Structures are given as structure tokens and as C-alpha cells.
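S.K.: PDB entry and its sequence, pasted below:
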Amino acid sequence: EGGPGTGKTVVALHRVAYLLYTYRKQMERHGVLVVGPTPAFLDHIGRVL
Amino acid sequence: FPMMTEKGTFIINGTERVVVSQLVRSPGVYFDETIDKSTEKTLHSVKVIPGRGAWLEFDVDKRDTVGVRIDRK
């Protein structure tokens, strides 16, 4: 949780990448569920993921 | 009680016979890993296999829950 303009989204995606590399044995077959408020936000995630 | 000769054989009705050693799976707890064809997920299971008695199996299924099968029920 952080005030606006702190880039929380990219930090969270970096955290996700770190988790999915470190524990790839336990998660790679299960995948990731990315939940977003609008389709445009999910397109943004698809761009920066 | 039939007795073994010095040659390692049994004389049964005058005929010389031999008893061969049988290779068998030992009783114990055996863990196994397989792939769920429906999801390609990795599932684990374990069987406790006794010399005599009911079987006891545990497993982690594709929905990430731990379950038990008792007496193959």
C-alpha cells in the first residue's frame, strides 16, 4: 500500500517475477491470476509484465 | 518335516526338487509422483503397504487438497 505516484504496480510485478523464478517448481504449472479494475489496466499489465 | 539335503535340495516322493527364491516388493511406505493429465499438474501420493491388512493411501490432488483412501474405499 502506497500513495499515488510511487510506482507500486511495477514494484508488485517485480515481486511477482522474483516469486515465480524462485519457486518455479511449485507454481509454473499453476500459473498466475492477474485481477484488474478495467480491461485497459490489464492491457497495461500485459505491456509491462 | 521335509529336510534339506547337503546339496540344497528336497527329496519329495523320491524326486529331487528345489525351492527358488522369490523376488517381491517389501512392505513399507512408498511415495510416488505423477502428472495430472487433465491439468499437467504435479501430484504426489503415498501408499502404506503391509504384509497383511488393509491399505492406507494419502495423496495431494490437482486442486491442492490432501486426502486419504482407507481400505481402498
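M.R.: Received it, and whenever you're ready, just let me know what you need. Numbering: from 1, shown residues only, chains lettered A, B, ... in the order given.

S.K.: Is the residue positioned nearest the centre of chain A in a helix, a strand, or coil?
M.R.: Of all residues in chain A, the one closest to the mean position by CA atoms, centre = their mean is residue A:13, 3.5 Å from it. Put simply, residue A:13 is helix when judged by DSSP: H, G, I helix; E, B strand; the rest coil.

S.K.: Please tell me how far it sits from residue A:40.
M.R.: 16 Å (CB to CB, to the nearest Å). Every C-beta, even on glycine, is put in place using the N, C-alpha and C of the backbone.

S.K.: check whether stretch B:65-73 contacts chain A.
M.R.: No. Residues of stretch B:65-73 are not located near chain A by CB under 8 Å from any CB of the partner chain, the shortest gap being 13.7 Å.

S.K.: what about residue A:13, distance to residue A:43?
M.R.: Distance from residue A:13 to residue A:43, by CB to CB: 14 Å.

S.K.: same question, residue A:24
M.R.: The value you get for residue A:24 to residue A:43, if CB to CB is used, is 26 Å.

S.K.: Could you do residue B:15 as well?
M.R.: Taking CB to CB, one finds residue B:15 at 86 Å from residue A:43.

S.K.: same check, this time on residue B:47
M.R.: 49 Å.

S.K.: So for the two, which sits in the more crowded spot?
M.R.: More crowded of residue B:47 and residue A:43, by other CB atoms under 10 Å in any protein chain shown: residue B:47, with 15 against 11.

S.K.: Hmm, the more buried one is touching residue B:29, no?
M.R.: Yes. Applying CB atoms under 8 Å, one finds residue B:47 in contact with residue B:29, separated by 7.3 Å.
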